[PDB]
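What follows is a single chain, given as structure tokens, in the form deposited in one PDB entry.
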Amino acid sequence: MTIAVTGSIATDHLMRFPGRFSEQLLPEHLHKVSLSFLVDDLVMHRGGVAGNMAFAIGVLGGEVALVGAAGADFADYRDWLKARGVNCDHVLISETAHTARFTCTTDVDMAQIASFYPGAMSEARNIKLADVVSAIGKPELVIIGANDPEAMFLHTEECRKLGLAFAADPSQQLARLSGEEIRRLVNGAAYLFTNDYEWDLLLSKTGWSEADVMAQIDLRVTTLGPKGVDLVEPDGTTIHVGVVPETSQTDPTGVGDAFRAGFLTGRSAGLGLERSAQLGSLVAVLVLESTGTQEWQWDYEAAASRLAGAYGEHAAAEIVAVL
């Protein structure tokens, strides 16, 4: 039943400046700035695409192993994930580098100053999926999430060699990879996940037609924001599922990851394509409506009720029957 989730593990450190950055950005000092901002809030969110996906699968009660690279400062995050049933045995802990980190300071005018530190993520290229197989047997599915790029290639190649089904889930790496690199991530995938902007980017960079892609994969999953999700099979069957209506948009971060987790959890639990997309749509809206990416709650009763509103009582009952 085990899904192995590969990809980035990171935290976001968000700081608020009550002033305006522009007050310190006069031309006299742009050649060598020395900016200092007294900030009045610091929020830390657990993230990375693999952390987000593993967290969600765990919360939903799926069998899941997180496979990525982090630093010694990962310990409290490990305990957090382990509390939700995530197997973290195969998280590579760097001896020298800290866990990847996004830091962002935002002022009162919503100007931002941001950095990204890859840290230990770069060591994901040293993880061998064979070591996972030795400990837990062959995963039912390996998710190839956004990561150290070399690690994405090596993991995908190892999946093919070892006969492991994989999901191509390159998300924000599509912009950075060459057309050939993207083809190499997609050939033979059990699933391809993207949003609709990324789907178009994929076709233009690779030079593939849609038919060429569908000759390579078992299922295309293309998210459409508020317009739902398209699922396309290589036989020409298409399924479209609408969203669960939201009651707020407190933070859109992590929504794609959440969709994927819910969908794949549904598939692993034996649900059909429509029902799995419905489940993914619920998890996605819970993440949309909450701060950060792993700060949402899972309430069986509220899930059943909300699913029934969006998709009818019959569909809701079919879905919660497996949770």
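For every residue, the number given is its place in the sequence shown, counted from 1. In this text, the rigid core denotes the largest set of C-alpha atoms whose superposition between the two forms falls within 1.5 Å.
**Student:** With reference to the PDB entry, specify whether the mean Cα temperature factor is higher for 207-215 or for 223-231.
**Tutor:** Stretch with the greater average CA B-factor: 207-215.
**Student:** So, looking at the entry's B-factor column for Cα atoms, which has the higher mean, 293-301 or 264-272?
**Tutor:** Going by the record's values, the stretch with the higher mean is 293-301.
**Student:** Can you pull the Cα B-factors for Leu192, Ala175, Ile239, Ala146 from the entry and say which is highest?
**Tutor:** Answer for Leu192, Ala175, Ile239, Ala146: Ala175, with the highest C-alpha B-factor.
**Student:** Of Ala56, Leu279, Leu26, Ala70, which one's C-alpha B factor is largest in the deposited record?
**Tutor:** Out of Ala56, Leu279, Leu26, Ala70, the record gives the largest C-alpha B-factor to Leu26.
**Student:** Using the temperature factors of the C-alpha atoms in this entry, rank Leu60 within its chain: lowest, middle or highest third.
**Tutor:** For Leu60, whose C-alpha B-factor we compare with every modelled residue in the chain, the answer is the middle third.
**Student:** So where's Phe166 on the chain's Cα temperature factor ranking, which third?
**Tutor:** Lowest third of the chain for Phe166's C-alpha B-factor.
**Student:** Looking at the temperature factor on the CA atom of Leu323, which third of the chain's modelled residues does it land in?
**Tutor:** Top third by C-alpha B-factor.
**Student:** Name the third of the chain's ranked CA B-factors that contains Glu246, choosing lowest, middle or highest.
**Tutor:** For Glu246, the deposited C-alpha B-factor lands in the highest third.
**Student:** Could you look up the Cα B-factor of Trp199 in the entry and say which third of the chain it sits in: lowest, middle or highest?
**Tutor:** CA B-factor rank for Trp199: lowest third.
The form deposited in another entry is left out here; the points below concern that form.
**Student:** Align on the core first; then indicate which of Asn87, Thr222, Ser94, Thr106 has a CA shift of 2 angstroms or more between this form and the one not shown.
**Tutor:** So the residue whose C-alpha moves 2 Å or more is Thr106.
**Student:** Using the rigid core as the reference frame, would you say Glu313 shifts its C-alpha by 2 Å or more between this form and the one not shown?
**Tutor:** No, the C-alpha position differs by under 2 Å between this form and the one not shown.
**Student:** Please check if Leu25 moves between this form and the one not shown, taking a CA shift of 2 Å or more relative to the superposed core as movement.
**Tutor:** Yes, the C-alpha moves 2 Å or more.
**Student:** On a rigid core superposition, would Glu295 pass a 2 Å threshold for CA movement between this form and the one not shown?
**Tutor:** False for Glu295: its C-alpha shift is below 2 Å.
**Student:** Hey, the CA atoms of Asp40 and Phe74 end up closer or farther in that other deposited form than in the shown form, with the change being 3 Å or more?
**Tutor:** Note: Cα gap between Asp40 and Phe74 widens in that other deposited form.
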